[PDB]
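A short worksheet on the structure shown next.
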Amino acid sequence: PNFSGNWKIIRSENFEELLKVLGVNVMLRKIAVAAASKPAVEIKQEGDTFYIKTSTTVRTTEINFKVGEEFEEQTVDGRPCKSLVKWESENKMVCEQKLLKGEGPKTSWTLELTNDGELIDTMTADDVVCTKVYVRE
Ligand SMILES: *C/C=C(C)/C=C/C=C1/N(C)c2ccccc2C1(C)C
């Protein structure tokens, strides 16, 4: 199925805690979890090729990738990483990340589409999991 769309957040669980495991200091966390930082996600999918733009009121970030091909992005806390996405199933992709420099928590993300059209974004840092759920506007 098709991940394309303009997605708006309807659920967010455990995001502040993910930030703590990543070592984001408290001043930045308050900003990051504020409504001004609420994410909107735009996806354009063509087969295995994806464009994903994630924007807030003050920030915008775009990734471009094809499933199975390595690309560069940033960890949630903004460290450059090499990422690789694979299909876990027909409706679910999983991305492993490796830091370009230094050491840190093991991080990953997954995106999956439910039959009822919800987009579930899961982010992990070691033993902590954050889940965000979106629907199409
Ligand atoms: C991933 C979530 C981020 C970056 C921010 C979300 C913040 C909020 N806030 C402050 C809020 C208040 C009411 C309902 C929903 C939210 C949301 C989780 C968007």
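One-based numbering, in listed order, for ligands and for the atoms of each. Along the sequence shown, residues carry numbers from 1.
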Do you reckon [X] sits in the same ILVMFWY cluster as [Y], going by side-chain contacts under 4.5 Å, direct or chained?
X	Y	value
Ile120	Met93	no
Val129	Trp109	no
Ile52	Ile9	yes

- Task: Before giving the answer on side-chain hydrogen bond (donor to acceptor under 3.5 Å, both in side chains), spell out for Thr107 and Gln97 the whole-Å C-alpha distance, their side-chain angles and the decisive distance to 0.1 Å.
- Result: CA-CA 6 Å; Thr107 63; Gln97 297 177 326; 2.7 Å; yes

- Item | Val33 contact mode with ligand 1 (heavy-atom cut-off under 4.0 Å) | backbone

- Task: Record the part of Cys130 in heavy-atom contact with ligand 1 below 4.0 Å; permitted values are side chain, backbone, both and neither.
- Result: neither

- Message: Tell me whether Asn115 at atom CG has more than 12 heavy atoms from other residues, nucleotides or ligands lying less than 6.0 Å away.
- Response: no

- Message: Atom CD of residue position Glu46 - does it have more than 12 heavy atoms of other residues, nucleotides or ligands inside 6.0 Å?
- Response: no

Distance flag for [atom], protein heavy atom under 4.0 Å:
atom	result
atom 7 (C) of ligand 1	yes
atom 12 (C) of ligand 1	no
atom 16 (C) of ligand 1	no

Need the ligand 1 atom indices (1-based, order shown) with element for anything under 4.0 Å from a heavy-atom of [X].
X	value
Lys132	1 (C), 2 (C), 3 (C)
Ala35	10 (C)
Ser12	1 (C), 2 (C), 18 (C)

- Item | Nearest-neighbour protein heavy atom for atom 19 (C) of ligand 1, which is reported as residue plus atom name and distance | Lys38 CG, 3.7 Å

- Message: Do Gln45 and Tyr51 make a side-chain contact, defined as non-hydrogen atoms from C-beta onward lying under 4.5 Å apart?
- Response: no

